[PDB]
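A.B. asks: Quick one: this structure, given as structure tokens, is what I'll be asking you about.
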Amino acid sequence: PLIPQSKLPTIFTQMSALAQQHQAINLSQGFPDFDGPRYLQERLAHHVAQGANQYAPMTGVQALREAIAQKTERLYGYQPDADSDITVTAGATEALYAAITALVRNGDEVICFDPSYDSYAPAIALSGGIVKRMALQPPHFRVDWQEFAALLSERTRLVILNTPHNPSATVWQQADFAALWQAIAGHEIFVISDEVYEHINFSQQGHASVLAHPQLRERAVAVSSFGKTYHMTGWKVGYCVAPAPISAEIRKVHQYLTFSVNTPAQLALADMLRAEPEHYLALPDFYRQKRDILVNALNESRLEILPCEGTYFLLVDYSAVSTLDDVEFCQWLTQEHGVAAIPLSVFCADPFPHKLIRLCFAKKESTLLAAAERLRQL
Amino acid sequence: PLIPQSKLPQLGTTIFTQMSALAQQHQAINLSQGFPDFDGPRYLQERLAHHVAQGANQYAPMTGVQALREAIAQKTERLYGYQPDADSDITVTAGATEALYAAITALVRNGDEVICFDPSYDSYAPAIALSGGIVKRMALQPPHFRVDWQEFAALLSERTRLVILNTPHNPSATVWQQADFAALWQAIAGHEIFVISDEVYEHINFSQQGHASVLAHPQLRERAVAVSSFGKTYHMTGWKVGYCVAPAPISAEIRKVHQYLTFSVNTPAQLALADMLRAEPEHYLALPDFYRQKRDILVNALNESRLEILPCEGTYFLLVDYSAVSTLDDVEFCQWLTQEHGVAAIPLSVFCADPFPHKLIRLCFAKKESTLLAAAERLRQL
């Protein structure tokens, strides 16, 4: 038995096991416990039946890329080229890995922000990139542009940002993108904007996308996730929008990663985009309702809430209630009050000196109400 | 305007989409496409809809749905005589393509040398390059494309880290026998050389002994990765669901990569496939006879044409030598054939990194009887 030497030297699985062993309300898992639109499900079955089950084009089904182009135009006032700027991928996860892999060379420095979604770091490492982390500080987790400016070097190749922000639930304002552009304008720095929660922004101001900034747009990759937008994360279909030159390099990697993406699913997704276009304009109110169920319960609790601007996650400060560290507090919470959450420390590379936990409210009303009742015991 | 330097200034192919475009322009029988022109099993499609309807549409486990991994485990045991561990040895991926990229990315470090065999499936090389690995090619020779073990031994070095073999072999339609795997073990037994066996066409082996898998060899097994594709087996290439079998330690590393590649794969599809595996195991057991019938339609047709055929031992591809018909190189010949005789084929030279001094073209017989009969009637005129 020959053993490989890892080129990359379980939390989410503990919580669901502890939540199961103690019948705790699951608010840790970052996906819905309700299903998606059946129109989409119905169109999938229709395309499978019509026999559209063989390889799809490498860049994605034509109808889908064109439908995505139109959506982009309606939303951000600019129309990408459907044949060269849009690429369908097996989930946003693959788009991120493809974009990162296409842009990061050995020794390149990539600026990221913590707390962070855990998939960026590994991809950057597999391409031999160096991660430079900015530690966003609670409660507002705003980007300290002066700290940012200091992280730049001649090796800075890419900036990966996530907005709305998982796990902090904060969002980037138009002004933040303006500041990013002012900071990287004179440098050869690419931008990857993880905007999978693009339709879950509670500001009246609306979602501020990198695609709305004319200059950043020409040097950036926007990543979206259908699984996240249509409440069906297991469908694994996403895409990225980027200038032709950049999308071309994303495609070179993608083509050998998976080559093509589930064909029926794509056609179904195309139908959904064309049949119910204003569908996402409703998601903000849809999730704001769910968010408040948890917020109102926590206002009668010794637990404190941080402002939730986006994503379907919420941050809670348990200082007044306990002295334990977040990881073990969550274990205590699950075991003593039947509510499972995720400690914010698992999203940080370096020590996080705070008493914050992440709660997901992308759940059925009954789940949120049951959670609310238990949160009110603290 | 920012333009990225490509990590792959490696000019890439459009040979397949171009042949199809030429075929439709001249309404030619398209035998160049490496996928069915008929649909998959109805039961599989039904079960997909069933799981979608039952709400099984959220993230599946990172290593794949538990039920699919066990069904694969018991299938492996029945076929090759050994039962892998369902939890640690099997990993579901979004197509064999991702299983290959993941396995290759997890084992190839910068500078590592990987031995490959031409003619070759075009996805191995680029994945190796992205990990900074060095490709060392063996040029299998017609008519039998048998491995030259002396040539192989010569390619080995202290930097050889991996051997990628594809059996049944696309595009040569040849296969590895039990003795070939025996030879492989003898050749690499003393070095830190891992093996990746692309066995997507494992259920399309026309041998009397049947498909010889790397998984059937006790020693090669604990240092190898077998790659499978459900899309190939169930005639629905667009479903993109594959997997790889490897020892816990190797799977552990494949998984570390896969997890950040796609993380999880279409959940309802995985459950649908598991049902298909448990419910109708006979579907793959009858695939050889199913394809031998389609193959023979082409074999008998050209048995009077002046074109010659080489032995097709596996895959749903067939090699045709056109020496007695034209002096054109294979690329110009396939164009001429599509335009003048209405039958689209793929030149074998596009599958080779180095010059291929032969007049061979690849035909795909994974087509409806009506498609194969029409092609047969046209190939007759040569």
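All of this is worked out from the model, or read from it or from the source named; none is laboratory data. Neighbour counts run over all protein chains shown; Cβ positions are idealised from the backbone, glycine included.
A.B. asks: Any residue in the stretch A:272-288 that is within 14 Å of chain B (Cβ to nearest Cβ) and either over 20 Å from A:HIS207 (Cβ atoms) or in a helix (DSSP H, G or I) (or both)? Walk me through how you get there before you give the answer.
C.D. replies: Going residue by residue through the stretch A:272-288, those that are within 14 Å of chain B (Cβ to nearest Cβ) are A:272.
If we keep only those that are either over 20 Å from A:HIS207 (Cβ atoms) or in a helix (DSSP H, G or I) (or both) as well, we get A:272.
The answer is yes, given that some residue of the stretch A:272-288 is within 14 Å of chain B (Cβ to nearest Cβ) and either over 20 Å from A:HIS207 (Cβ atoms) or in a helix (DSSP H, G or I) (or both).
A.B. asks: Follow-up question, since we're still on this one. Restricting to the stretch B:235-259, name every residue that is of a type in the set (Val, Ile, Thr) and within 29 Å of A:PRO57 (Cβ to Cβ).
C.D. replies: Step one: list which residues in the stretch B:235-259 are of a type in the set (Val, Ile, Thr), which gives B:237, B:241, B:245, B:250, B:254, B:257.
Scanning the stretch B:235-259 gives B:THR237, B:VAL241, B:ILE254, B:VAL257.
A.B. asks: Moving on to the next point. Kindly list the number of the only condition in (1) closer than 23 Å to B:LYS256 by Cβ; (2) part of a loop (DSSP other than H, G, I, E, B); (3) more than 11 Å from chain A (Cβ to nearest Cβ) that fails for B:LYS7.
C.D. replies: Only one criterion is unmet by B:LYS7, namely (3).
A.B. asks: In this structure, does B:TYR124 turn out to be within 11 Å of chain A (Cβ to nearest Cβ), more than 20 Å from B:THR233 (Cα to Cα), under 21 Å from the mean Cα position of the chain (by Cα) and among the hydroxyl-bearing types (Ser, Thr, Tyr)?
C.D. replies: On the way: within 11 Å of chain A (Cβ to nearest Cβ): yes; more than 20 Å from B:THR233 (Cα to Cα): yes; under 21 Å from the mean Cα position of the chain (by Cα): yes; among the hydroxyl-bearing types (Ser, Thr, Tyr): yes.
Spelling it out, B:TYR124 is indeed within 11 Å of chain A (Cβ to nearest Cβ), more than 20 Å from B:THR233 (Cα to Cα), under 21 Å from the mean Cα position of the chain (by Cα) and among the hydroxyl-bearing types (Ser, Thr, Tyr).
A.B. asks: Filter the stretch B:92-114 for residues that are within 19 Å of B:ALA60 (Cβ to Cβ) and more than 8 Å from every other protein chain (Cβ to nearest Cβ) and give the result.
C.D. replies: B:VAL92, B:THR93, B:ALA96, B:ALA99, B:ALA102, listed by residue number.
A.B. asks: Let me ask something else about it. Identify, from the list B:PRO4, B:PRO61, B:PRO36, B:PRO84, the residue that is of a type outside the set (S, T, N, Q), buried (at least 20 other Cβ atoms within 10 Å of the Cβ) and in the same structural domain as B:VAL227 (by CATH).
C.D. replies: Details: B:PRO4 fails: in the same structural domain as B:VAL227 (by CATH); B:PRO61 fails: buried (at least 20 other Cβ atoms within 10 Å of the Cβ); B:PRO36 fails: in the same structural domain as B:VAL227 (by CATH).
Result of the check over B:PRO4, B:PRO61, B:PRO36, B:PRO84: B:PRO84.
A.B. asks: Could you tell me whether any residue of the stretch A:300-309 is closer than 22 Å to A:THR13 by Cα, outside the structural domain of A:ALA45 (by CATH) and part of a loop (DSSP other than H, G, I, E, B)? Please lay out each step first, then the result.
C.D. replies: Of all residues in the stretch A:300-309, those closer than 22 Å to A:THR13 by Cα come to none.
No, the stretch A:300-309 contains no residue that is closer than 22 Å to A:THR13 by Cα, outside the structural domain of A:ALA45 (by CATH) and part of a loop (DSSP other than H, G, I, E, B).
A.B. asks: Mind listing whichever residues of the stretch B:262-271 are under 21 Å from the mean Cα position of the chain (by Cα) and not in a loop (DSSP other than H, G, I, E, B)?
C.D. replies: B:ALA269, B:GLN270
A.B. asks: Moving to a separate point now. Within the stretch B:59-94, take every residue that is charged (D, E, K, R) and in a loop (DSSP other than H, G, I, E, B) and give me the one that is farthest from A:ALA90 (Cα to Cα). Show your work before the answer.
C.D. replies: Within the stretch B:59-94, the subset charged (D, E, K, R) is B:69-70, B:75, B:77-78, B:85, B:87, B:89.
From what's left, in a loop (DSSP other than H, G, I, E, B): B:85, B:87, B:89.
On the way: B:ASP85: 27, B:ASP87: 23, B:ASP89: 23 Å.
Here the answer is B:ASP85.
A.B. asks: For the stretch A:23-58, which positions are of a type in the set (D, E, K, R), in a loop (DSSP other than H, G, I, E, B) and more than 17 Å from B:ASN266 (Cβ to Cβ)? Please lay out each step first, then the result.
C.D. replies: Initial filter on the stretch A:23-58 (of a type in the set (D, E, K, R)): A:33, A:35, A:38, A:42-43.
Add one more test, that the residue is in a loop (DSSP other than H, G, I, E, B), and what stays is A:33, A:35.
A:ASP33, the sole residue that qualifies.
A.B. asks: Of all residues in the stretch A:308-328, count the ones that are under 21 Å from A:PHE361 (Cα atoms) and of a type in the set (D, E, K, R).
C.D. replies: Number satisfying all stated conditions: 3.
A.B. asks: Then there's this: Collect the residues in the stretch A:344-378 that are in a helix (DSSP H, G or I) and closer than 13 Å to A:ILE305 by Cβ, keeping them in residue-number order. It would help to see each step written out before you state the result.
C.D. replies: Narrowing the stretch A:344-378 to residues in a helix (DSSP H, G or I): A:344-347, A:365-375.
A:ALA372, A:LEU375 - these are the residues of the stretch A:344-378 that are in a helix (DSSP H, G or I) and closer than 13 Å to A:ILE305 by Cβ.
A.B. asks: Another question, then. Those residues that are hydrophobic (A, V, I, L, M, F, W, C) and over 19 Å from B:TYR43 (Cβ atoms), I need them from the stretch B:220-242; list them, please.
C.D. replies: Filtering the stretch B:220-242 for residues hydrophobic (A, V, I, L, M, F, W, C) gives B:220, B:224-227, B:230, B:236, B:239, B:241.
Result: B:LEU220, B:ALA224, B:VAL225, B:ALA226, B:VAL227.
A.B. asks: Could you check, for the stretch A:232-249, whether at least one of its residues is within 11 Å of chain B (Cβ to nearest Cβ), among the acidic types (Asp, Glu), farther than 20 Å from B:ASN266 by Cα and assigned to a helix (DSSP H, G or I)?
C.D. replies: Here is the first cut: in the stretch A:232-249, the residues within 11 Å of chain B (Cβ to nearest Cβ) are A:232-238, A:242-249.
Then keep just the ones that are among the acidic types (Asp, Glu); that gives A:249.
Okay, now just the ones that are also farther than 20 Å from B:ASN266 by Cα, so A:249.
Next cut, assigned to a helix (DSSP H, G or I) only: A:249.
Looking for residues that are within 11 Å of chain B (Cβ to nearest Cβ), among the acidic types (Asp, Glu), farther than 20 Å from B:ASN266 by Cα and assigned to a helix (DSSP H, G or I), one finds at least one in the stretch A:232-249, hence yes.
Okay, residues lined up against (1) within 14 Å of another protein chain (Cβ to nearest Cβ); (2) more than 27 Å from A:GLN331 (Cβ to Cβ):
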{"site": "A:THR13", "(1), (2)": "yes, no"}
{"site": "A:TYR39", "(1), (2)": "yes, yes"}
{"site": "A:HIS46", "(1), (2)": "yes, yes"}
{"site": "A:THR59", "(1), (2)": "yes, yes"}
{"site": "A:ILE68", "(1), (2)": "no, yes"}
{"site": "A:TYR76", "(1), (2)": "no, yes"}
